[PDB]
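Here's the structure we're looking at; comments come further down.
Keep in mind that the numbers below use all heavy atoms, side chains included, and drop hydrogens, waters and symmetry copies. Labels below follow one simple rule: chain letters A, B, ... track the order of the sequence lines, proteins then strands, and each chain is numbered from 1.
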Amino acid sequence: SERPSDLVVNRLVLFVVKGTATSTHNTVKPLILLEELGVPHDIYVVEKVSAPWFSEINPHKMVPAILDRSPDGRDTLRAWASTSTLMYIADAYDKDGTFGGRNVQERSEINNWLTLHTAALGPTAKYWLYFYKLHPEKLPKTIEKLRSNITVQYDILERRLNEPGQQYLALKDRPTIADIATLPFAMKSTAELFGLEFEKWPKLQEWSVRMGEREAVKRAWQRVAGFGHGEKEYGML
Amino acid sequence: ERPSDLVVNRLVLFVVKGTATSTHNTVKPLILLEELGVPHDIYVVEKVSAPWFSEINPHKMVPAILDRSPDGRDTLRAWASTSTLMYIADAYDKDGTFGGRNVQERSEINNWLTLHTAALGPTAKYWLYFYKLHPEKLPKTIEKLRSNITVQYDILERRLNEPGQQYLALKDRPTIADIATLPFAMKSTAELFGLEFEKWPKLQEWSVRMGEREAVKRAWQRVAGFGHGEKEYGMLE
């Protein structure tokens, strides 16, 4: 119930933790979109996500999460989980549909590829990492199946990116929240973690590099790695 | 090459023959089509492995949708149950009765829709797979997945114990968040998972309230019946 004294919501507040490697792969997604749209925001570094006040924001007790002001009526809004934070930021701040889609056709494909990540590659990658670290089995029977499912997901993304003129996952000519949700789970460093040779998916690799060259993506990666390592470790930066 | 009977004269919902284990995701868009009274065709897919079908859903699963864009220029597609709900709400729920009417409502709809899409939905699917479909029993895996189901039921119970919170996203009415959750949070499903649904009394009350809606009753009867009618596979009458 009791919130930290330095937690005030004058604009969008993105909740993150001091982390490294896979601990930043979900938090980086909303940060990429905020950087893409030039949305004004605060970063709040959560010291304990197990604190009662944090579960009032995200009942799953994970980052990323958002507290924001109402469009008007200065009320408080919340978004939690990376996919939901992308939906919220697009709804509240992408009124042109640059990343959210400009018509029912664009939104249909964006939601197809966003949901493929939310339901398939995301949860599969999460379970693979959990069972990898746990190592409960003499023979890696569980992670074997999960890793097979990851290659099926890479095959789908590769198939899509081999279609004529299909430069991004949802739309042919620009990245959307689908591309942002997928990038951390379809880049060379993550393939290597899963024990895969990313060069086996050349169009997916090309797409990850094209996405990685965007200034907003570079800035988000730089910022997410820096959070809580600066002058101020925890609280409002 | 598509079957000769596959023509897109309006929304076409792709399903498979109704069995005890084939309907928990296909029922979701069907519930929303019934709530909104959207005119639609049903196409019973004989084999989801068929090449024509992977041109629609590259993940080779139902539900999927083909429909015509309102601008008359394109045939569009939606695939995975969450994306089909998003698409039907976008195209056919102009008032936002199920999709949300403003940034505030949509913030909560997307929180609870994404929670189902990322957590309970995939956890349930993996529990099912490792429990009965995987050639070897992996009890450490199966028990963790089942424990993960009870954590999701705990989150939904906590939410439905908040004051006046009659539904998951909104206090006042059901949304695509409630439709997405219901098939994996009702007594018959809890019994399939080997759980006592009475342990979450507010979640159970909610499931009964959802189950009494005419759209839900109709959708369950129709989805069970598909492929058992006068036409077995293909475009139904």
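Judged purely by atom type and a 3.5 angstrom limit, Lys28(B) uses its side chain to pair as donor or acceptor with the backbone of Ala180(B). Not a single donor-acceptor pair under 3.5 Å links the side chain of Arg74(A) to the backbone N or O of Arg69(A). Between the side chain of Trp79(B) and the backbone N or O of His59(B) there is no donor-acceptor pair closer than 3.5 Å.
Looking at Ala80(B), only its side chain comes within 4.5 Å of chain A, counting heavy atoms on both sides. When heavy atoms are compared at a cutoff of 4.5 Å, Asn57(B) does not approach chain A at all. Using a 4.5 Å cut-off between heavy atoms, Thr123(B) contacts chain A through both its backbone and its side chain. Heavy-atom distances place both the backbone and the side chain of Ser54(B) under 4.5 Å from chain A. Only the side chain of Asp71(B) comes within contact range of chain A, judged by heavy atoms closer than 4.5 Å. Only the side chain of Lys144(B) comes within less than 4.5 Å of a heavy atom of chain A; its backbone N, CA, C and O stay farther away. Of the atoms belonging to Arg77(B), heavy atoms from both backbone and side chain fall under 4.5 Å from chain A. Of the two parts of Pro71(A), only the side chain, counted from C-beta on, holds a non-hydrogen atom closer than 4.5 Å to a non-hydrogen atom of chain B.
Using a 4.5 Å cut-off between non-hydrogen atoms, no part of residues 161-176 of chain A approaches chain B. For a heavy-atom cut-off of 4.5 Å, chain A lies close to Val103(B), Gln104(B), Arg106(B), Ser107(B), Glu108(B), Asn110(B), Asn111(B), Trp112(B) in residues 96-113 of chain B.
Between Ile66(A) and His41(A) the shortest side-chain heavy-atom distance does not fall below 4.5 Å.
The candidate with the highest count of non-hydrogen atom pairs below 4.5 Å against chain A, out of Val151(B), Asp90(B), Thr84(B), is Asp90(B). Taking chain A as the reference chain and counting heavy-atom pairs below 4.5 Å, the highest number among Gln152(B), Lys125(B), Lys140(B) is found for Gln152(B). Comparing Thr118(A), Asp68(A), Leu134(A), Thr83(A) by how many heavy-atom pairs each has under 4.5 Å with chain B, the most go to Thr118(A).
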Given side-chain contact (heavy atoms from CB on, under 4.5 Å), test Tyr126(B) with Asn149(A) step by step and report yes or no.
CA-CA 11 Å; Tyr126(B) 271 124; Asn149(A) 285 351; 2.9 Å; yes

Go through it in stages, so that I can follow the logic: the residues are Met61(B) and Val48(B), the test is side-chain contact (heavy atoms from CB on, under 4.5 Å), and I'd like the CA-CA distance, side-chain angles, deciding distance and then a yes or no.
CA-CA 6 Å; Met61(B) 293 193 290; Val48(B) 294; 5.9 Å; no

Could you walk me through whether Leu195(B) and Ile149(B) pass the side-chain contact (heavy atoms from CB on, under 4.5 Å) check?
CA-CA 9 Å; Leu195(B) 308 179; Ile149(B) 295 175; 3.9 Å; yes

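In the displayed structure, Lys94(B) atom NZ is contacted under 6.0 Å by more than 12 heavy atoms of other residues, nucleotides or ligands. No more than 12 heavy atoms of other residues, nucleotides or ligands sit less than 6.0 Å from atom OH of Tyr132(A).
Between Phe185(A) and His25(A), the angle of the ring planes goes over 60°, which puts this pair in the perpendicular group of the 30/60° scheme. Ring geometry, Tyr87(B) versus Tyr92(B): the interplanar angle exceeds 60°, so the pair is classed perpendicular (tilted spans 30 to 60°). Using the six-membered ring where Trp is involved, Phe193(B) and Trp127(B) have ring planes that are perpendicular, over 60° apart on the 30 and 60° scheme.
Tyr153(B) pairs by the side chain to side chain donor-acceptor pair (under 3.5 Å) definition with nothing, not counting sequence neighbours.
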Residues 200-207 of chain A, side-chain donor-acceptor partners within the protein, below 3.5 Å, at least two apart:
unit_1	atom_1	unit_2	atom_2	d
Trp201(A)	NE1	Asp155(A)	OD1	2.9
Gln205(A)	NE2	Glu199(A)	OE2	3.0
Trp207(A)	NE1	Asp179(A)	OD2	2.9

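Taking CG of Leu145(B) as the reference point, atom CZ of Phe131(A) lies at 5.0 Å (rounded to 0.5 Å).
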